[PDB]
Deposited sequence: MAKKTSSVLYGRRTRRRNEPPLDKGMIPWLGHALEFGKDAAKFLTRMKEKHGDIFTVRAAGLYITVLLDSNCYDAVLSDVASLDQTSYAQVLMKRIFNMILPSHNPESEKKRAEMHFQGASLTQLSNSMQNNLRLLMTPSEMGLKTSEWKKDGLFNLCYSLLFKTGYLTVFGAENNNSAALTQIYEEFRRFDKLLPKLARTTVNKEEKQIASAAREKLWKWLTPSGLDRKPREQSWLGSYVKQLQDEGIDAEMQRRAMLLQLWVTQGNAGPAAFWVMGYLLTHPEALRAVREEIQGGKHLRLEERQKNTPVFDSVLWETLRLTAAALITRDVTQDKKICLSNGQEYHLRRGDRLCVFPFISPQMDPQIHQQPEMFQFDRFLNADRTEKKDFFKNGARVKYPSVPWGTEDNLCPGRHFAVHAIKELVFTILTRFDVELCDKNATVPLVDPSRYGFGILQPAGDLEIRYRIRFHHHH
C-alpha cells in the first residue's frame, strides 16, 4: 500500500499486515489520540490487513456521513452481529425497523413507555429489592447498583417480561453482565479460550431465558419488540435466530443507560457543589440537564464505522481536500473531538457540572474551536442523521433513577475522599464507558 495524491497521512505500524490492530483495540481513545497528535484530524491506519481512515474534524462529520451511496453502515453491522451475537439475518430490511425504533421511542409511545418505566423502577426499589431487610445500611458498588436497577427496569419495560420474578431478573442481569463484559473482546476477536467458552455459555443461557418458549404469551405484534419479532418471522428467520436476536435488542436497549446513571451519581457524590445544586433543584431541570450532558461528554464513546464503497473526495474545515479510497473503512470518533477536545472544552478530563450553563443558569450554546462555531459541542447520541432512537427514553430513565436515589435514600461513599474510578479502556468504541473497578457505597432508606 502506498499513499495516492491527497490521501490522508498513512500509518502502517511495524507489524506486517496486522499493523495497529492490537493497540487500537486495547485502548481506542489512547491510540486515536496518539494518532491525532502525530498526523492531525485525518489519517489512515493499517489494522489486520485493512486500511481505516479516521476523521476527527467534527465540523465535517454530518456532511461526510450523509453520503450513504459512498459510505455503507450495513456490512460492518453484519460483521459485529456475527462476531458478538452469533447472528445472521438474510434478506433483512434494516431501514424499516430503524423507522419503527424512531416512532416507538417518541411521542405518545414514549409517554406510555416512560410511565411503565417509572412504575417498574418503583417495584425494583422496594426495601426488599434494595437488599434492606437485614440492616439499616446496605453496601454495594455504585456501578453495579445503577446498572442492576436500570437493566431490570428497561428489560421489564421494553420486553414486557413480567414472567420473570425478582430472583429470575437478578440471574438474567448477572448473565448479561458476564456477556457484556466480554463483548468488546468478541467484537475484536481478542477472547482467549476460557473467555470464549464463558461468552458462548452466557449467550446460550440468555437465548433460552429471553424467549419464554414454554409459555403461551400471545405476541404483542404492535409493541416495539413484538413488531420486530413479527418482521423476522415474515422475512423467513427461524425460531433459533429469533431467540438470538433478543440478546442483540437487549444489549442495544440496556447496555448504556445504567452505566450512564452510575457516572452521573459518581460525579455528583464526588462533587459537593454539583450535588447541592442538583438536590436544591429537586426541592424544567436546567442544572441536572447540564450535569447529565457533562457526564455524557465524558463517557459516551461510541465509534462510528463505515465501509467506503466508492472513492470519495472530502474537505476539512480549513479547506484541504482528502481522498477516501474504495475498500477502506471510515471511522468517526466524537469522543476525541469535540467531546474531549481541549480546544473546544477547557480541561476536558474534568467534570464541570455547569459546563453547559451560562452565568444566569440559561443553556450555554456558544462553543468555538480556533475562532469557529462548533454546531454540536458533544455528540453522545451519534451524528445528526443517525441518532440513538432511545435517547429521550434513556434520559427519562436516568433522571428517574437519580431523582429516586437522592430523594428516597441516603447514599454515602465508603471512602469519603474517593474520586470516580478510571475507565476500563476496552469500552472505548462501544457506547457508555464502564469503570475499571467500582465506587463502593452504602445506602439506607431515607
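task: Just jot down which stretches of the deposited chain sequence have no CA coordinates, in the order they come.
output: Seq positions lacking coordinates: 1-12, 296-307, 471-475.
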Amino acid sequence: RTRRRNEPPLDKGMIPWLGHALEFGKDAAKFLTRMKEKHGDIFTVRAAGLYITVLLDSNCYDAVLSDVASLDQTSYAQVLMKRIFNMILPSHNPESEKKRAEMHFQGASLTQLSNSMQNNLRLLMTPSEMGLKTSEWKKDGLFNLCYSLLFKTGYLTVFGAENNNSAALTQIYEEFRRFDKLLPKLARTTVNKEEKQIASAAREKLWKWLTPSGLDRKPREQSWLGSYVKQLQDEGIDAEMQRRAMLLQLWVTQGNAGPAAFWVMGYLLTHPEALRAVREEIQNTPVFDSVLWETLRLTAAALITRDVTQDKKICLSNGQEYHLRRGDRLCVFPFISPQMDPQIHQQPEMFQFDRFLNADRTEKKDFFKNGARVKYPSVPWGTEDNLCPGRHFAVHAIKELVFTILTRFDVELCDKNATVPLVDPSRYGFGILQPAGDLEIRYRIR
From here on, numbers count along this sequence of modelled residues.
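message: Per the record, averaged over C-alpha atoms, which has the higher B-factor: 298-306 or 181-189?
response: Stretch with the greater average CA B-factor: 181-189.
- prompt: Taking the recorded C-alpha temperature factors, which stretch has the higher mean, 404-412 or 24-32?
  reply: Going by the record's values, the stretch with the higher mean is 404-412.
- prompt: For the listed residues 337, 118, 128, 157, which one has the largest C-alpha B-factor as given in the deposited model?
  reply: Answer, based on the entry's C-alpha B-factors: 128.
- request: Name the one of 254, 211, 144, 74 with the greatest CA B-factor according to the PDB entry.
  value: So the option with the highest C-alpha B-factor is 74.
query: Mind checking which third residue 237 falls in for C-alpha B-factor across the chain?
result: For residue 237, the deposited C-alpha B-factor lands in the middle third.
message: Is residue 204 in the lowest, middle or highest third of its chain when residues are ranked by C-alpha B-factor?
response: Middle third, going by the recorded CA B-factors of the chain.
task: Name the third of the chain's ranked CA B-factors that contains residue 57, choosing lowest, middle or highest.
output: It falls in the bottom third of the chain.
task: Name the third of the chain's ranked CA B-factors that contains residue 371, choosing lowest, middle or highest.
output: It belongs to the highest third of the chain when residues are ordered by C-alpha B-factor.
- request: Give the position of residue 104 by CA B-factor within its chain, expressed as the lowest, middle or highest third.
  value: For residue 104, whose C-alpha B-factor we compare with every modelled residue in the chain, the answer is the lowest third.
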